[PDB]
J.: 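One structure follows; several queries about it will come next.
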Amino acid sequence: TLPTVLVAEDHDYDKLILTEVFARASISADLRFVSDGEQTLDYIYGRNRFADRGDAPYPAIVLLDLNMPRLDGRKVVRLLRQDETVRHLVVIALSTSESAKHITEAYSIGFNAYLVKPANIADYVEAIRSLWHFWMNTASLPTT
Amino acid sequence: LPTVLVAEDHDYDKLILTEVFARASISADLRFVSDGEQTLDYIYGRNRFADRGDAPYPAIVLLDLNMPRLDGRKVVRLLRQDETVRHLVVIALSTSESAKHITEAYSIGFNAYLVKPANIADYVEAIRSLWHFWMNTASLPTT
């Protein structure tokens, strides 16, 4: 009965990397990968492939990879924030971009936080340790 | 130095948070304001904070939800509906551990919610963690 982490990520290497990062950070979590914005929203709103809420539990936190081609991040997060039923969800952007313009746009749009993807597994392990410590141990997360 | 805007009016809580930052070895400019008007005046650069040089844009905002003259919902709903400031990172602080209160804060638009720790030592570990994540791990937006 581990916390579920919903991750929008379609790249096979990035999936491998993040799976490895969570294992090496010694984090116990249920990583659920989805490949586009439709599947992300279907997971959140419990539609279609994720109608059964028992096989696909509400996410404790959502990570969206902004470098993924078939994810319209602005469209996904603006929907989420304008909808009173889901607007509490913690959603964090992941991106290779270090542009202050991109970073600020993500916050403006409604992401809780933005992380620049670290350059190697070791550094990514420190970042996810930090993210997990804060969101899971220090802060209190909302409940659906 | 980064400016941390803090809505807090209680003399003891101000003392505690000042001490917590010093003990956490954090270098930051803590700016305390005593009500929602002064908080919004700081963010929007009005009146007592018209001169932006004397009152720099906050890197992060902490609102104490136990403060009587703070209407948190009103402050954060204004901030989120205004495209000029809606990027600001705002974190709720509260003694309340109610899941209903916690969820309402997120629903309203807070980036995160922290239950106030019970003593200076625990508060030091919490602020160390908050600072590590928001300042070292995440990238904060720029005004």
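Every heavy atom of this structure was used, including side-chain atoms; hydrogens, water molecules and symmetry mates were not. Each chain gets a letter, A, B and so on, in the order its sequence line appears, and its residues count up from 1.
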J.: Should the heavy atoms of other residues, nucleotides or ligands under 6.0 Å from CD of B:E97 be counted, would the total exceed 12?
T.: no

J.: May I ask you to name which of A:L141, A:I92, A:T144, A:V116 has the most heavy-atom pairs under 4.5 Å with chain B?
T.: A:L141

J.: Based on non-hydrogen pairs under 4.5 Å, which of B:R77, B:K100, B:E125 is most in contact with chain A?
T.: B:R77

J.: Hydrophobic cluster membership, with links at side-chain heavy-atom distances under 4.5 Å among I/L/V/M/F/W/Y: are B:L1 and B:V20 in one?
T.: no

J.: Can you label the angle between the A:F134 ring and the B:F133 ring as parallel, tilted or perpendicular, going by 30° and 60°?
T.: parallel

J.: Looking only at non-hydrogen atoms, find the nearest pair between B:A126 and A:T138 and report the distance.
T.: O-CG2, 3.7 Å

J.: For a quick test of reading the model, state the closest non-hydrogen atom pair linking A:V90 to B:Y106 and the distance between them.
T.: CG2-CE2, 3.8 Å

J.: According to a 4.5 Å side-chain heavy-atom criterion applied to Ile, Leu, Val, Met, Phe, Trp and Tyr, with indirect links allowed, do A:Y58 and A:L64 form part of one hydrophobic cluster?
T.: no

J.: So, taking the atom named NE2 in B:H87 and the one named CD in A:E105, what distance separates them when rounded to the nearest 0.5 Å?
T.: 13.0 Å

J.: Same cluster for A:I27 and A:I121 if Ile/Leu/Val/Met/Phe/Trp/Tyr side chains link at under 4.5 Å?
T.: yes

J.: Compare every heavy atom of A:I103 with every heavy atom of B:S139, then report the nearest pair and how far apart it is.
T.: O-CG2, 3.6 Å

J.: Working to the nearest 0.5 angstrom, can you tell me the gap between A:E84 CD and B:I108 CD1?
T.: 10.5 Å

J.: Nearest 0.5 Å please: distance from the NE2 atom of B:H132 over to the CG atom of A:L131.
T.: 10.5 Å

J.: Same cluster or not: are A:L2 and A:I61 linked, directly or through other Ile, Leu, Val, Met, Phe, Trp or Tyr residues, by side-chain heavy atoms under 4.5 angstrom apart?
T.: no

J.: Output yes when a side-chain donor or acceptor of A:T104 lies under 3.5 Å from a complementary backbone atom of B:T142, and no otherwise.
T.: yes

